[PDB]
Amino acid sequence: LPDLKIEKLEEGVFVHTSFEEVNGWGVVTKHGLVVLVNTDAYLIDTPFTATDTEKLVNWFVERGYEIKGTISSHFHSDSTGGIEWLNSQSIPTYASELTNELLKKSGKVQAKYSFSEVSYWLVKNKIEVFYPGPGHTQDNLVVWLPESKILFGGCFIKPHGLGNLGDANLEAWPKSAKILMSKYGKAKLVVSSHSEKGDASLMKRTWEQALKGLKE
Ligand SMILES: C[C@@H]1[C@H]([C@H](C(=O)O)[C@@H](C)O)N=C(C(=O)O)[C@H]1S[C@@H]1CN[C@H](C(=O)N(C)C)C1
Ligand SMILES: [Zn+2]
Ligand SMILES: [Zn+2]
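Residues numbered from 1 in each chain as written, not as in the entry; some residues may be left out. Chains lettered and ligands numbered in written order. Heavy atoms only, no water. Residues with missing side-chain atoms left out of burial classes, pairs and counts.

**Focus on the coordination of the zinc ion (ligand 2)**
Reference values for coordination geometry: four tetrahedral donors around a metal ideally subtend 109.5 degrees, six octahedral donors ideally subtend 90 or 180 degrees.
And then number 1: Surrounding the zinc ion (ligand 2) are the protein donor atoms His74 (NE2), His76 (ND1) and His136 (NE2), which sit 1.9 to 2.1 Å from the metal.
And then number 2: Its four donor atoms give the zinc ion (ligand 2) angles of 89 to 127° at the centre, a pattern that matches the tetrahedral case.
And then number 3: A spacing of 4.2 Å is found between the zinc ion (ligand 2) and the zinc ion (ligand 3). Taken together, the positions of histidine 76 in the loop between β5 (66-71) and α2 (77-80) and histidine 136 in the loop between β9 (127-130) and β10 (142-145) put the pair 60 residues apart, joining distant regions of the chain.
And then number 4: Among the residues examined, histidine 76 registers a relative accessible area of 13% and is labelled buried. (Donors = N, O, S within 2.8 Å, 3.2 Å for Na, K, Ca; no water. Tetrahedral: all angles 85-135°; square planar, octahedral: opposite > 155°, others 65-115°. Helix = DSSP H or I, 4+ residues; strand = E, 2+ residues; numbered from the N terminus. Buried < 20%, exposed > 50% of the residue type's maximum accessible area, 1.4 Å probe, protein only.)

**Some remarks on the environment of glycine 166**
And then number 1: Residue placement: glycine 166 occurs in the loop between β11 (150-152) and α5 (173-183).
And then number 2: Accessibility expressed as a relative area gives 61% for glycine 166, which makes it exposed.
And then number 3: As for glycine 166 and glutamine 89, which are separated by 77 residues in sequence, their C-alpha atoms are 32 Å apart.

**Focus: the pairing of β10**
And then number 1: Burial along β10 is two-sided: the residues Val142 and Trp144 and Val143 and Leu145 are all buried.
And then number 2: Sheet topology note: the β9/β10 ladder contains three bridges and is antiparallel. What sits directly across from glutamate 128, in β10, is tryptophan 144.
And then number 3: Note that β10 and β11 share three bridges and pair antiparallel. Looking across to β11, one finds that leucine 145 is bridged to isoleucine 150.
And then number 4: Turn length for the β10-β11 hairpin, with the two strands adjacent in sequence and antiparallel, is four residues, and the turn residue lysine 149 shows positive phi of about 50°. (Pairing = 2+ DSSP bridges.)

**Some details on the coordination of the zinc ion (ligand 3)**
And then number 1: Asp78 (OD), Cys155 (SG) and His194 (NE2) make up the full set of protein donors to the zinc ion (ligand 3), lying at 2.2 to 2.4 Å.
And then number 2: Look at where the donors of the zinc ion (ligand 3) fall in the sequence and you get D-x76-C-x38-H.
And then number 3: Relative accessible area serves as the criterion here: at 33%, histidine 194 is assigned to the partly exposed category.

**Concerning the pattern of salt bridges**
And then number 1: Applying the stated criterion to the full structure yields six salt bridges.
And then number 2: Between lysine 30 and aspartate 45 there is a salt bridge, with the nearest N and O atoms lying 2.9 Å from each other. Here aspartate 45 lies in the loop between β4 (40-44) and α1 (50-61) and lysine 30 lies in strand β3 (residues 26-37), a separation of 15 residues in the sequence. The residues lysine 30 and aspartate 45 share a single accessibility class, namely buried.
And then number 3: Between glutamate 208 and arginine 205 there is a salt bridge, with the nearest N and O atoms lying 2.7 Å from each other. Residue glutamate 208 and its partner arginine 205 are located together in helix α6 (residues 201-215), separated by three residues, close to a single helical turn. (Salt bridge = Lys/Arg side-chain N within 4 Å of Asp/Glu carboxyl O.)

In structure tokens form, the structure reads like this:
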């Protein structure tokens, strides 16, 4: 029931938070990002709903910013919910090829654009996209802001319990978390889908929870 929130983290980085009841887990709080590169604005994951997605886009346009693209970090609706409404607005939506396949196979609107990298610049020297391996899902990826050393980990960062296991890969998640820890050990801030922002140790905690959950 709470409203969409938009808070500023540092210059150029905003967390958007949206809320949705999902059967069993109760009310889910979902964090995403909005990254500004001069007057360009990029959505890192969409809010749950078209409504909130529209509200978030209007909030930044009305302040003089151009929405230039969006990328979903994985296929579940807490990252993809607003894709359809953005397509109907010719706002470019991005997802990996696997994520669009998983959106396909389960009957949901796909992002307009597919890519197949494991690491690349979404915006050169500004926003990096990285796939550490399967974890929370087979397609989950992260986004890295080298200039603020902030990392968006999505639903892969689980410092207090792994969450929905339905599409997760328990065997791989520890190794993926180790790879993530080595890549981004220099992070100063780690934003996740559902936990409070923290420092680089959230990645260690995630590895521990991935390990505990494999063991059962
Ligand atoms: C229902 C959510 C959502 C779902 C998912 O991606 O699996 C879907 C609605 O988008 N993402 C989710 C996830 O585990 O990452 C789920 S579970 C819920 C999220 N915050 C809670 C949590 O993280 N705990 C450690 C208890 C539980
Ligand atoms: Zn998910
Ligand atoms: Zn989630």
